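Enquirer: Got a structure for you, questions after.
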Amino acid sequence: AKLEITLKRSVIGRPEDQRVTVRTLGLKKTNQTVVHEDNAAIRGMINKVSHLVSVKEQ
Amino acid sequence: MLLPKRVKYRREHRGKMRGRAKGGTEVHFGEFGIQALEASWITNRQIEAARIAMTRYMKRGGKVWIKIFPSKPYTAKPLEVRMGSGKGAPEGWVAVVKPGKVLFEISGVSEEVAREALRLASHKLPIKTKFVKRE
Amino acid sequence: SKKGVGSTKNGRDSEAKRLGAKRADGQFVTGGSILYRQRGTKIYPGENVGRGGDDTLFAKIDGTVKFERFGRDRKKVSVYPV
RNA sequence: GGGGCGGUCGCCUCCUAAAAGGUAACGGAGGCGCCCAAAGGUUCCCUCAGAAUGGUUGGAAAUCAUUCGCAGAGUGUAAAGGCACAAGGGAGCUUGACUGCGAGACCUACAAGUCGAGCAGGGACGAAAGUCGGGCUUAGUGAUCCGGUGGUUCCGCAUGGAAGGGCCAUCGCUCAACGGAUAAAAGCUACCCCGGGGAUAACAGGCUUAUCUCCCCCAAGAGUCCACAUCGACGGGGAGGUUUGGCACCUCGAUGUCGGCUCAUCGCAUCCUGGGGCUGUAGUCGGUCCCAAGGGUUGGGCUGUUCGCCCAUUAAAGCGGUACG
RNA sequence: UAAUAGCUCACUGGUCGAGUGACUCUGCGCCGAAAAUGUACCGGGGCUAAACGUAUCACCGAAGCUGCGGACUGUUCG
RNA sequence: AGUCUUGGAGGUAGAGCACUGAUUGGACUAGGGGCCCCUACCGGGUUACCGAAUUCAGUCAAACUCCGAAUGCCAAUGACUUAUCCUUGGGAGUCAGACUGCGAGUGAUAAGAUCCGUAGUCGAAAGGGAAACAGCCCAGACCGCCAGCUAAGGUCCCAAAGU
RNA sequence: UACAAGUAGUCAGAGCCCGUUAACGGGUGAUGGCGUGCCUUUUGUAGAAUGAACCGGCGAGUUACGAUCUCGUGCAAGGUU
RNA sequence: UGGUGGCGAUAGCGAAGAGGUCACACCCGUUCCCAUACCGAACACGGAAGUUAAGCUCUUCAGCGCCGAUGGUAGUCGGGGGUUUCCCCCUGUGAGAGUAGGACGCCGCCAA
């Protein structure tokens, strides 16, 4: 349902694709924790990025 | 000294090498063969020297198969010139040899003599080789 | 010292033209718009899409574009009114 | 990939081009500065190149007849795309190889370039449908100014005329250095001067090691027989950064370039001296290889020369680095 | 010297009597490996594990992040 | 704008011979060397000594493709997230870029070489690490604190942490 | 301050001395950590690229006339000398 | 059986075999419409002598041609290493020449 998000590795040095994808989830800064609902779109972003950001369930 | 008697163009890209050989990965005509396990170029002088080292030693024993042709030419600018201002003239023919390709194969000859003779010829080529035989 | 070389006589080419489809499958289009700027009949025109003097394809009636296979191998453009 | 010399300068086709488009190099291949009153438009009708077999003059091919034959043949020309439901081939008629335009769209810095249904006036073809606003698609071409020529229901300096200028049609440029400085243009400077550059060359340094010096690997052979005492073909591998170089990274608000003299000092891939293996080492003398950088490693003729050749010697008359100390 | 010599390797017999001989794949390692002011190719010391491979858990480690306080700029209004 | 779904064009990597070329062997024979004679060789007999054409097998291509992805690109639909996009107007500087991955050219698949596409950093970015270092790794400095947790890297001493 | 080499500082810091625009004070600092000035020009400067011997003064985007745009004014289909 | 459409040849090419009173097609002869860059095969013309031979229509077949996922791989997006012109590991993704086999036709509407 609701899966919370944490940006682990800094976006610095990653391609613009990863940068903007991480941006649109609202990740202002490193270790900023974000709570988002679950759906195919969110899982899309997470499986595509998959190494800047860690996902765990509440 | 295998010349290709004609070619569509006398200059073309050096190209690159990746992955195993496309075909001819195992012996097909001879009892035994020799295989190359890395990628590299092979030129008229190499195949000619290896062929002679094979046949002149083997004498009347049998026949030797060659599966290679240096269809690819390669260029080289004239000595002592600033680089650029046109591709250099062609002066040699080369054959691409990806790993897995079997180069030479022998027929109608005993096993041990073919083994040691292929070992002899392998030193002529610049490439680590592995002995290989038909299934 | 130095040595001389020349006579490359290859540094020339045409200022190349643009060739491609500039309406997407499912895009709404308006009459007279361009669909495909081919050079030669690479894909023949279907209903409501014409064939210009320079082998170009243009929509005659405003609507939605659609690409579809023609026969075994050939293609064809069409415009389906909405 | 310093200049000079050589080559090139616009346009069109393809590859390089990384499955949209775009994308450079003194990268890899070709072509254009036209041609066609039919090689256009339209109606109508077909079908190829090559091969086999018979046929004379006549063969390898002239012109015939059969069969096979998805495209090898053609498409004005250079490549690509596409074309046998013709865009290929043939016949009749005809001049749309039209005028006024043009919804929209492509391409784009700008200038320009490209397609375009649809409307009106008149046609051409065909019974009609319906096609025709030049070539089967992409090159075959240039600004503005000035001047020439045709039409003008435009203006024409008191008024009427004119002269002259407008608008439309259209001609004069290998202005080819082809976005075209002017209608009108070549060289030397080591008498040379100024502003700048290490954005850019010569010496040195640096990167690379093609080339160069060494080291080897395989072994055919030579070696009276014996590949490996000695030498080693044809082929492959490496090390060093002393030569010729490729690159332009520091230095052009200045880093002095060859040779010699003076002074040295370092590496060992050793010229002598020391200690050994092998030898086709009888012995004196040798050849090759291993350890060895302690010391030593010559005076003259010629030439600016290092380098070389020569004379006379010595145990030897080493090779290189140190901004070619 | 050319057989003619203790003599030797093909070959089988006897002596005690237990592991022994070919190749394939593969980890790690050795030689091949000669330069110039000085060790000079782990940064030094030094290390036979203080190297490497595999696996587990600790800790250190930035001006990153969180903690407390302060200044300012913005969007919702102090 | 990102992502999820659906639909598109596109001929690269790959693969392959169906076309254009290159190209190895077997079978085979047309046609050539092959000497003898009859003789203008009329033809026979003539070496595998060469040898076109076919068929069996086999290997290659930036300018070969019957095929053909991954990605990238162009849109529609709605779903979640995000809030940056367009028009007009005022004022600029930039036209010497470098390096590191990855795909190519030229070069000898040499160069801290040159020229492209793509992504990053520097340029214009300090901090920790790689001894010293712009471009390699981690990571973005509004100020103060004698706070804590970590990233790369590391824990025998230099030198914080595991002999 | 005579066994230590230091873009010369800063942050730690004992000892000694002094006592302030009274405040979690002033001077000096044995010793430890870190650390290659400034400016221009450059892809790149600690740079062995350039300029400054030091101190003081002087020393560079203004004014006129038009144009345009924003802002502020008085009037407004009028405004204005 | 005729006509005329849509569907990727899974429809083709081959090899055999059946049909025709009606339908179709070969046939009969140019008299006038029309034509043979030469011609009644072809164009049209107006009949109906005989023939299923061919065309056309049906039955059969995997020789050719055609279509065709499954698991493999090669390649590759995105990460991570390595002794790095090139290799290797992980999430996916997915080559084609190869076989499993499908197929020697399926849908119509007007005239029997």
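Labels for the structure tokens follow display order: chains A, B, ..., residues from 1 in each chain, ligands from 1.
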With only C-alpha atoms (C1' of nucleotides) counted and 12 Å as the cut-off, give the residues of chain H in contact with chain C, each with its shortest interatomic distance in Å and the pair that gives it, as a Markdown table.
Expert:
| residue | atom | partner | partner_atom | distance |
| --- | --- | --- | --- | --- |
| H:7 | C1' | C:71 | CA | 9.7 |
| H:8 | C1' | C:72 | CA | 4.3 |
| H:9 | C1' | C:72 | CA | 9.5 |
| H:66 | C1' | C:72 | CA | 11.5 |
| H:67 | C1' | C:72 | CA | 11.9 |
Enquirer: Output N, CA and C atoms (P, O5', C5', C4', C3', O3' and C1' of nucleotides) for every residue in that selection, as a PDB file, in the first residue's frame.
Expert:
ATOM      1  P     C H   7      -6.869  -7.197 -48.522  1.00  0.00           P
ATOM      2  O5'   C H   7      -6.635  -8.479 -47.607  1.00  0.00           O
ATOM      3  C5'   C H   7      -6.886  -8.421 -46.213  1.00  0.00           C
ATOM      4  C4'   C H   7      -6.831  -9.783 -45.571  1.00  0.00           C
ATOM      5  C3'   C H   7      -5.535 -10.551 -45.743  1.00  0.00           C
ATOM      6  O3'   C H   7      -4.526 -10.099 -44.860  1.00  0.00           O
ATOM      7  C1'   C H   7      -7.376 -11.994 -46.112  1.00  0.00           C
ATOM      8  P     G H   8      -3.225 -10.992 -44.574  1.00  0.00           P
ATOM      9  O5'   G H   8      -2.894 -11.671 -45.974  1.00  0.00           O
ATOM     10  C5'   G H   8      -2.325 -10.912 -47.033  1.00  0.00           C
ATOM     11  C4'   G H   8      -0.844 -11.163 -47.169  1.00  0.00           C
ATOM     12  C3'   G H   8      -0.445 -12.624 -47.374  1.00  0.00           C
ATOM     13  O3'   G H   8       0.674 -12.700 -48.256  1.00  0.00           O
ATOM     14  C1'   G H   8       0.595 -11.787 -45.426  1.00  0.00           C
ATOM     15  P     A H   9       0.440 -12.833 -49.840  1.00  0.00           P
ATOM     16  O5'   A H   9       0.650 -14.383 -50.131  1.00  0.00           O
ATOM     17  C5'   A H   9      -0.413 -15.304 -49.947  1.00  0.00           C
ATOM     18  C4'   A H   9       0.101 -16.707 -49.752  1.00  0.00           C
ATOM     19  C3'   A H   9       1.117 -16.888 -48.637  1.00  0.00           C
ATOM     20  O3'   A H   9       0.506 -17.000 -47.365  1.00  0.00           O
ATOM     21  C1'   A H   9       1.879 -17.982 -50.590  1.00  0.00           C
ATOM     22  P     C H  66      11.123 -19.951 -48.608  1.00  0.00           P
ATOM     23  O5'   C H  66       9.600 -19.850 -48.153  1.00  0.00           O
ATOM     24  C5'   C H  66       8.750 -18.847 -48.688  1.00  0.00           C
ATOM     25  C4'   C H  66       7.359 -18.921 -48.114  1.00  0.00           C
ATOM     26  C3'   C H  66       7.239 -18.753 -46.609  1.00  0.00           C
ATOM     27  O3'   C H  66       7.308 -17.401 -46.191  1.00  0.00           O
ATOM     28  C1'   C H  66       5.906 -20.574 -47.309  1.00  0.00           C
ATOM     29  P     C H  67       7.945 -17.027 -44.765  1.00  0.00           P
ATOM     30  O5'   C H  67       6.899 -17.599 -43.708  1.00  0.00           O
ATOM     31  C5'   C H  67       5.620 -17.004 -43.556  1.00  0.00           C
ATOM     32  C4'   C H  67       4.764 -17.762 -42.573  1.00  0.00           C
ATOM     33  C3'   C H  67       5.314 -17.891 -41.162  1.00  0.00           C
ATOM     34  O3'   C H  67       5.085 -16.738 -40.371  1.00  0.00           O
ATOM     35  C1'   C H  67       4.511 -19.990 -41.895  1.00  0.00           C
TER      36        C H  67
END
Enquirer: Write out as an NGL selection string the residues lying within 9 Å of residue 77 in chain B, counting only C-alpha atoms (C1' of nucleotides) and excluding same-chain residues fewer than 3 positions away.
Expert: (:B and (80-81 or 83-84 or 86-90)) or (:F and (107-108))
Enquirer: Store the residues picked out above in a file with N, CA, C and O atoms (P, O5', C5', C4', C3', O3' and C1' of nucleotides), as a PDB file, in the first residue's frame.
Expert:
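So again-v4.pdb came out as:
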ATOM      1  N   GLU B  80      58.006   8.598 -42.154  1.00  0.00           N
ATOM      2  CA  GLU B  80      58.501   9.962 -41.988  1.00  0.00           C
ATOM      3  C   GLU B  80      57.579  10.987 -42.653  1.00  0.00           C
ATOM      4  O   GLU B  80      57.954  11.686 -43.595  1.00  0.00           O
ATOM      5  N   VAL B  81      56.355  11.068 -42.142  1.00  0.00           N
ATOM      6  CA  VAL B  81      55.382  12.048 -42.610  1.00  0.00           C
ATOM      7  C   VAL B  81      54.527  12.497 -41.436  1.00  0.00           C
ATOM      8  O   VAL B  81      54.191  11.696 -40.557  1.00  0.00           O
ATOM      9  N   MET B  83      51.209  13.148 -39.630  1.00  0.00           N
ATOM     10  CA  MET B  83      49.980  12.379 -39.768  1.00  0.00           C
ATOM     11  C   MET B  83      48.861  13.257 -40.306  1.00  0.00           C
ATOM     12  O   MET B  83      48.866  14.478 -40.131  1.00  0.00           O
ATOM     13  N   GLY B  84      47.898  12.625 -40.963  1.00  0.00           N
ATOM     14  CA  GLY B  84      46.772  13.322 -41.549  1.00  0.00           C
ATOM     15  C   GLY B  84      46.950  13.559 -43.033  1.00  0.00           C
ATOM     16  O   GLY B  84      47.905  13.106 -43.671  1.00  0.00           O
ATOM     17  N   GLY B  86      44.913  12.576 -45.638  1.00  0.00           N
ATOM     18  CA  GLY B  86      44.611  11.445 -46.501  1.00  0.00           C
ATOM     19  C   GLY B  86      45.095  10.127 -45.925  1.00  0.00           C
ATOM     20  O   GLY B  86      46.201  10.027 -45.379  1.00  0.00           O
ATOM     21  N   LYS B  87      44.255   9.102 -46.048  1.00  0.00           N
ATOM     22  CA  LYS B  87      44.633   7.759 -45.637  1.00  0.00           C
ATOM     23  C   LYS B  87      45.813   7.268 -46.463  1.00  0.00           C
ATOM     24  O   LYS B  87      45.915   7.550 -47.660  1.00  0.00           O
ATOM     25  N   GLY B  88      46.705   6.526 -45.820  1.00  0.00           N
ATOM     26  CA  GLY B  88      47.891   6.041 -46.490  1.00  0.00           C
ATOM     27  C   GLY B  88      47.584   4.958 -47.505  1.00  0.00           C
ATOM     28  O   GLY B  88      46.471   4.443 -47.608  1.00  0.00           O
ATOM     29  N   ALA B  89      48.607   4.610 -48.276  1.00  0.00           N
ATOM     30  CA  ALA B  89      48.444   3.578 -49.286  1.00  0.00           C
ATOM     31  C   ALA B  89      48.359   2.204 -48.622  1.00  0.00           C
ATOM     32  O   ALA B  89      48.863   2.021 -47.511  1.00  0.00           O
ATOM     33  N   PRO B  90      47.730   1.222 -49.269  1.00  0.00           N
ATOM     34  CA  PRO B  90      47.701  -0.129 -48.702  1.00  0.00           C
ATOM     35  C   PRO B  90      48.935  -0.921 -49.099  1.00  0.00           C
ATOM     36  O   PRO B  90      49.406  -0.839 -50.236  1.00  0.00           O
TER      37      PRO B  90
ATOM     38  P     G F 107      45.109   6.315 -41.487  1.00  0.00           P
ATOM     39  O5'   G F 107      46.138   6.404 -40.277  1.00  0.00           O
ATOM     40  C5'   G F 107      47.055   7.482 -40.192  1.00  0.00           C
ATOM     41  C4'   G F 107      47.677   7.575 -38.824  1.00  0.00           C
ATOM     42  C3'   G F 107      48.215   6.280 -38.249  1.00  0.00           C
ATOM     43  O3'   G F 107      49.490   5.943 -38.766  1.00  0.00           O
ATOM     44  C1'   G F 107      46.954   7.412 -36.604  1.00  0.00           C
ATOM     45  P     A F 108      49.640   4.721 -39.796  1.00  0.00           P
ATOM     46  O5'   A F 108      49.207   3.454 -38.940  1.00  0.00           O
ATOM     47  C5'   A F 108      49.433   2.133 -39.411  1.00  0.00           C
ATOM     48  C4'   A F 108      49.527   1.158 -38.268  1.00  0.00           C
ATOM     49  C3'   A F 108      48.476   1.349 -37.186  1.00  0.00           C
ATOM     50  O3'   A F 108      48.185   0.096 -36.575  1.00  0.00           O
ATOM     51  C1'   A F 108      50.619   1.781 -36.285  1.00  0.00           C
TER      52        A F 108
END
Enquirer: Show me, as a PyMOL selection string, every residue of chain F with an atom at most 7 Å from chain B, counting only C-alpha atoms (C1' of nucleotides).
Expert: chain F and resi 21-22+24+59+106-107+109
Enquirer: Find the residues of chain E that sit at most 12 Å from chain A; for each, write down the nearest two atoms and how far apart they are in Å, to one decimal. Count only C-alpha atoms (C1' of nucleotides). Sort by chain, then by number going up, and give it as a Markdown table.
Expert:
| residue | atom | partner | partner_atom | distance |
| --- | --- | --- | --- | --- |
| E:64 | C1' | A:30 | CA | 7.7 |
| E:65 | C1' | A:31 | CA | 6.1 |
| E:66 | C1' | A:31 | CA | 9.2 |
Enquirer: Contacts from chain D to chain B, 8 Å maximum, only C-alpha atoms (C1' of nucleotides): show me the residue list as a PyMOL selection string.
Expert: chain D and resi 1+26-28+217-219+234-237+245-246
Enquirer: Could you please take those selected residues and save C-alpha atoms (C1' of nucleotides) as a PDB file, in the first residue's frame?
Expert:
ATOM      1  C1'   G D   1      48.029  18.832 -37.005  1.00  0.00           C
ATOM      2  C1'   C D  26      43.569  17.919 -45.714  1.00  0.00           C
ATOM      3  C1'   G D  27      38.088  10.726 -43.536  1.00  0.00           C
ATOM      4  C1'   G D  28      36.382   6.647 -47.589  1.00  0.00           C
ATOM      5  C1'   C D 217      61.208 -17.467 -28.717  1.00  0.00           C
ATOM      6  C1'   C D 218      60.329 -21.667 -32.878  1.00  0.00           C
ATOM      7  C1'   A D 219      63.585 -24.285 -35.594  1.00  0.00           C
ATOM      8  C1'   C D 234      61.177 -17.874 -42.983  1.00  0.00           C
ATOM      9  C1'   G D 235      57.889 -16.079 -38.757  1.00  0.00           C
ATOM     10  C1'   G D 236      56.797 -14.161 -33.254  1.00  0.00           C
ATOM     11  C1'   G D 237      57.853 -11.870 -28.825  1.00  0.00           C
ATOM     12  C1'   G D 245      60.689  11.057 -35.909  1.00  0.00           C
ATOM     13  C1'   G D 246      54.419  11.843 -34.748  1.00  0.00           C
TER      14        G D 246
END
Enquirer: From a DSSP pass on the backbone, collect the residues of range 2-56 of chain C flagged as strand (DSSP E) and hand them back as a list in words.
Expert: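 Reading the DSSP output for range 2-56 of chain C, strand (DSSP E) covers residues 28, 29, 34, 35, 36, 44 and 45 of chain C.
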Enquirer: Create the file for the chosen residues now, containing C-alpha atoms and written as a PDB file, in the first residue's frame.
Expert:
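Here's the written file part.pdb:
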ATOM      1  CA  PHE C  28      -4.211  14.115 -34.446  1.00  0.00           C
ATOM      2  CA  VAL C  29      -3.368  15.918 -37.681  1.00  0.00           C
ATOM      3  CA  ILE C  34       3.141  16.349 -43.691  1.00  0.00           C
ATOM      4  CA  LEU C  35       3.372  12.733 -42.516  1.00  0.00           C
ATOM      5  CA  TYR C  36       6.501  11.187 -44.051  1.00  0.00           C
ATOM      6  CA  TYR C  44       2.583   3.899 -50.103  1.00  0.00           C
ATOM      7  CA  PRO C  45      -0.323   6.226 -49.260  1.00  0.00           C
TER       8      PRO C  45
END
Enquirer: Mind the document's chain letters and residue numbers, and return as a PyMOL selection string the residues of chain B that DSSP labels helix (DSSP H, G or I).
Expert: chain B and resi 44-61+111-122
Enquirer: Could you produce a table of the residues of chain D lying within 10 Å of chain C, with the nearest pair of atoms per residue and their separation in Å rounded to one decimal, using only C-alpha atoms (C1' of nucleotides), ordered by chain and increasing residue number, as a Markdown table?
Expert:
| residue | atom | partner | partner_atom | distance |
| --- | --- | --- | --- | --- |
| D:5 | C1' | C:4 | CA | 8.8 |
| D:6 | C1' | C:6 | CA | 6.4 |
| D:7 | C1' | C:7 | CA | 5.5 |
| D:8 | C1' | C:9 | CA | 8.0 |
| D:11 | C1' | C:14 | CA | 7.1 |
| D:12 | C1' | C:14 | CA | 5.8 |
| D:13 | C1' | C:14 | CA | 7.7 |
| D:14 | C1' | C:13 | CA | 9.5 |
| D:20 | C1' | C:20 | CA | 7.2 |
| D:21 | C1' | C:18 | CA | 6.8 |
| D:22 | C1' | C:18 | CA | 8.7 |
| D:25 | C1' | C:11 | CA | 9.1 |
| D:26 | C1' | C:8 | CA | 6.9 |
| D:27 | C1' | C:11 | CA | 7.6 |
| D:28 | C1' | C:10 | CA | 7.5 |
| D:29 | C1' | C:10 | CA | 7.9 |
| D:30 | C1' | C:10 | CA | 9.6 |
| D:80 | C1' | C:39 | CA | 9.2 |
| D:81 | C1' | C:40 | CA | 4.8 |
| D:82 | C1' | C:40 | CA | 4.8 |
| D:83 | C1' | C:41 | CA | 8.8 |
| D:103 | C1' | C:31 | CA | 7.4 |
| D:104 | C1' | C:32 | CA | 4.6 |
| D:105 | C1' | C:33 | CA | 4.0 |
| D:106 | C1' | C:34 | CA | 6.3 |
| D:107 | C1' | C:18 | CA | 7.6 |
| D:114 | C1' | C:54 | CA | 8.7 |
| D:115 | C1' | C:52 | CA | 6.2 |
| D:116 | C1' | C:32 | CA | 5.8 |
| D:117 | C1' | C:60 | CA | 5.4 |
| D:118 | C1' | C:60 | CA | 9.4 |
| D:136 | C1' | C:40 | CA | 8.5 |
| D:137 | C1' | C:40 | CA | 5.3 |
| D:138 | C1' | C:39 | CA | 6.9 |
| D:139 | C1' | C:14 | CA | 9.1 |
| D:244 | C1' | C:1 | CA | 9.7 |
| D:245 | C1' | C:1 | CA | 9.5 |
Enquirer: Write out as number ranges by chain each polymer residue whose atoms come within 10 Å of residue 51 in chain G, counting only C-alpha atoms (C1' of nucleotides); drop sequence neighbours fewer than 6 positions from it.
Expert: D: 253; G: 39-40
Enquirer: Can I get the selected residues back with N, CA and C atoms (P, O5', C5', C4', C3', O3' and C1' of nucleotides), as a PDB file, in the first residue's frame?
Expert:
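Writing the result to out_30.pdb gives the following:
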ATOM      1  P     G D 253      56.492  37.681 -25.345  1.00  0.00           P
ATOM      2  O5'   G D 253      57.160  38.745 -24.370  1.00  0.00           O
ATOM      3  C5'   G D 253      58.068  38.309 -23.366  1.00  0.00           C
ATOM      4  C4'   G D 253      58.494  39.432 -22.456  1.00  0.00           C
ATOM      5  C3'   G D 253      58.820  38.998 -21.030  1.00  0.00           C
ATOM      6  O3'   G D 253      59.965  39.680 -20.530  1.00  0.00           O
ATOM      7  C1'   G D 253      57.036  40.583 -21.015  1.00  0.00           C
TER       8        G D 253
ATOM      9  P     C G  39      43.800  37.354  -5.832  1.00  0.00           P
ATOM     10  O5'   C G  39      44.432  38.205  -7.016  1.00  0.00           O
ATOM     11  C5'   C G  39      44.250  39.610  -7.069  1.00  0.00           C
ATOM     12  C4'   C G  39      44.863  40.206  -8.309  1.00  0.00           C
ATOM     13  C3'   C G  39      44.451  39.575  -9.628  1.00  0.00           C
ATOM     14  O3'   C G  39      43.192  40.026 -10.088  1.00  0.00           O
ATOM     15  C1'   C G  39      46.791  39.863  -9.591  1.00  0.00           C
ATOM     16  P     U G  40      42.338  39.122 -11.102  1.00  0.00           P
ATOM     17  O5'   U G  40      43.147  39.210 -12.468  1.00  0.00           O
ATOM     18  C5'   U G  40      43.274  40.441 -13.162  1.00  0.00           C
ATOM     19  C4'   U G  40      44.239  40.324 -14.313  1.00  0.00           C
ATOM     20  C3'   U G  40      43.817  39.385 -15.430  1.00  0.00           C
ATOM     21  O3'   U G  40      42.983  40.044 -16.365  1.00  0.00           O
ATOM     22  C1'   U G  40      46.090  38.993 -14.837  1.00  0.00           C
TER      23        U G  40
END
Enquirer: Identify, on the basis of only C-alpha atoms (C1' of nucleotides), every residue whose closest approach to range 13-19 of chain F does not exceed 10 Å; exclude the query and any residue fewer than 2 positions from it along the same chain; express the result as a PyMOL selection string.
Expert: (chain B and resi 22) or (chain D and resi 18-19+72) or (chain F and resi 64-70) or (chain H and resi 74-76+95-97)
Enquirer: Quick one: residues within 8 Å of range 44-54 of chain E, only C-alpha atoms (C1' of nucleotides) counted, chain neighbours fewer than 5 positions away excluded, as a PyMOL selection string?
Expert: chain F and resi 156-158+163
Enquirer: Could the residues in this selection be written to a file with N, CA and C atoms (P, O5', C5', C4', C3', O3' and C1' of nucleotides), as a PDB file, in the first residue's frame?
Expert:
ATOM      1  P     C F 156      45.095  -3.076  12.788  1.00  0.00           P
ATOM      2  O5'   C F 156      46.631  -3.095  13.198  1.00  0.00           O
ATOM      3  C5'   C F 156      47.038  -3.587  14.464  1.00  0.00           C
ATOM      4  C4'   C F 156      48.485  -3.271  14.728  1.00  0.00           C
ATOM      5  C3'   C F 156      48.865  -1.803  14.626  1.00  0.00           C
ATOM      6  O3'   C F 156      48.593  -1.094  15.823  1.00  0.00           O
ATOM      7  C1'   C F 156      50.437  -3.135  13.445  1.00  0.00           C
ATOM      8  P     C F 157      48.344   0.492  15.799  1.00  0.00           P
ATOM      9  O5'   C F 157      49.787   1.114  15.540  1.00  0.00           O
ATOM     10  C5'   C F 157      50.694   1.329  16.611  1.00  0.00           C
ATOM     11  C4'   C F 157      51.858   2.191  16.190  1.00  0.00           C
ATOM     12  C3'   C F 157      51.509   3.496  15.497  1.00  0.00           C
ATOM     13  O3'   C F 157      51.158   4.529  16.397  1.00  0.00           O
ATOM     14  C1'   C F 157      53.202   2.396  14.283  1.00  0.00           C
ATOM     15  P     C F 158      50.396   5.835  15.856  1.00  0.00           P
ATOM     16  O5'   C F 158      51.359   6.405  14.724  1.00  0.00           O
ATOM     17  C5'   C F 158      52.498   7.172  15.075  1.00  0.00           C
ATOM     18  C4'   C F 158      53.290   7.600  13.867  1.00  0.00           C
ATOM     19  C3'   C F 158      52.623   8.597  12.941  1.00  0.00           C
ATOM     20  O3'   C F 158      52.648   9.923  13.445  1.00  0.00           O
ATOM     21  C1'   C F 158      53.656   6.903  11.668  1.00  0.00           C
ATOM     22  P     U F 163      42.885  -5.234  18.138  1.00  0.00           P
ATOM     23  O5'   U F 163      43.632  -6.580  17.733  1.00  0.00           O
ATOM     24  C5'   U F 163      45.053  -6.656  17.697  1.00  0.00           C
ATOM     25  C4'   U F 163      45.520  -7.630  16.647  1.00  0.00           C
ATOM     26  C3'   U F 163      45.990  -8.985  17.173  1.00  0.00           C
ATOM     27  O3'   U F 163      45.705  -9.997  16.208  1.00  0.00           O
ATOM     28  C1'   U F 163      47.752  -7.941  16.026  1.00  0.00           C
TER      29        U F 163
END
Enquirer: As number ranges by chain, please: the residues near residue 28 in chain G (cut-off 12 Å, only C-alpha atoms (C1' of nucleotides), same-chain neighbours under 5 positions excluded).
Expert: G: 15-18
Enquirer: Residues of chain C within 9 Å of chain F, using only C-alpha atoms (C1' of nucleotides), as a ChimeraX atom specification?
Expert: /C:20-27,66-67
Enquirer: Have a look at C1' of residue 90 in chain F and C1' of residue 71 in chain G and let me know their distance in Å, one decimal.
Expert: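 If I compute the distance from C1' of residue 90 in chain F to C1' of residue 71 in chain G, I get 12.2 Å.
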Enquirer: Provide as a PyMOL selection string the residues of chain H at most 10 Å from chain A, counting only C-alpha atoms (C1' of nucleotides).
Expert: chain H and resi 78-79+91-92
